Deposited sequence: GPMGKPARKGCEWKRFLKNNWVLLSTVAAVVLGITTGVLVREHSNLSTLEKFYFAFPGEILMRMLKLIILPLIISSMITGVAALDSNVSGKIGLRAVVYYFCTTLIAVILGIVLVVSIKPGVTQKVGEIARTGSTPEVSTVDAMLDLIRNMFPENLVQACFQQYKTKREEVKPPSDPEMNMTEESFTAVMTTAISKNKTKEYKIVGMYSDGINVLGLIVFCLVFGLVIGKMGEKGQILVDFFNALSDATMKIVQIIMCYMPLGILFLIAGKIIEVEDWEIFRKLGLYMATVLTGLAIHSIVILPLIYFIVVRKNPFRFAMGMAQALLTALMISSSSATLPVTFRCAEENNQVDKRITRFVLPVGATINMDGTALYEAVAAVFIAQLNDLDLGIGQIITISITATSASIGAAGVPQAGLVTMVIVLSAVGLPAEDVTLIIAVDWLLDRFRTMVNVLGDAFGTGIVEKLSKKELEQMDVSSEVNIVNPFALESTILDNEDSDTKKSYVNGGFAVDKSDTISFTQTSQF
């Protein structure tokens, strides 16, 4: 006998690929019948969005309160240094692969500061209850006057920053704040058993979520018309995630880096089907501490921060497609335009959310930084549901690799705390 959690998800990917292809050649469902056929995939999607509010709140508090305010200054330093050391490698390796292959040549016909100051406006929200379901967005309009309104979507950057300060303040209070450690440890345990309930609906949900995604109109634009551009994203997403990211693991940890990737197979195949790193963050929590046995004092801090900051897969997809958009024109892309692409794609991957189809909101940032218009993104919208699933597996993998790398880099400081 073996495990039924992973073997039924693979059996649902197989039974979901062969279902969403066969119902196209056999029957002809309307646009309304293609929304009720993907309805069990919608219930799984909003069952995972439901659990990330008590999961991010309770893991960020008990992840930092378990560290004695100077160990957490070095876990925090070894996390941001790792996140900058992987985004920069994924941006540079995506830059070299897109200018040596040159996919965009001779197939020509076929508010950056306001978006970066909205990261700091979202780290310190005006209300904590409003931060649980609303984000802040800034538009510039009239010699112009800045005016912002509250859009929708959970402010993950503002609940991480407040609970990081709330986690540090609680741990320095001693016995006067011990009841707040016990409250958010019993809440982080109770909202991980709920994730084990959603994990039993997950094979039934993927089987209709991936059958209702490949049920679209034309398999020709993805295959041949926009071909060899997907062969520059997916090659870089392969080499960064198979070769480069288990080489950073193998240098500092001598413990077989593909044994770690096999133990994260449920979280990798979830983001490969649901295309959202924040929604599969509960799967990444369980599949790291239970399978790979990485210490709970680090995964509660590294994994929520990395889900909204470390987005290596977006950084490579930003660096490939923005050059490819510029390659459909006849721009030179000199030595000054290349480095500013690799710089602003690092900030756009930081400012991008873990929500689905968040790759094209921050694509306007990198495109307008080189001078391209914002309405040149309409060439990419055709194939974006497939390229948004392979760059989320890599995003989850990057976060997972960090937990193992920071733990060996701080095995002494974790062993410092004793009786």
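- Sequence ranges 1 to 17, 128 to 138, 171 to 200, 478 to 526 have no coordinates in this entry (deposited sequence, numbered from 1, C-alpha basis).
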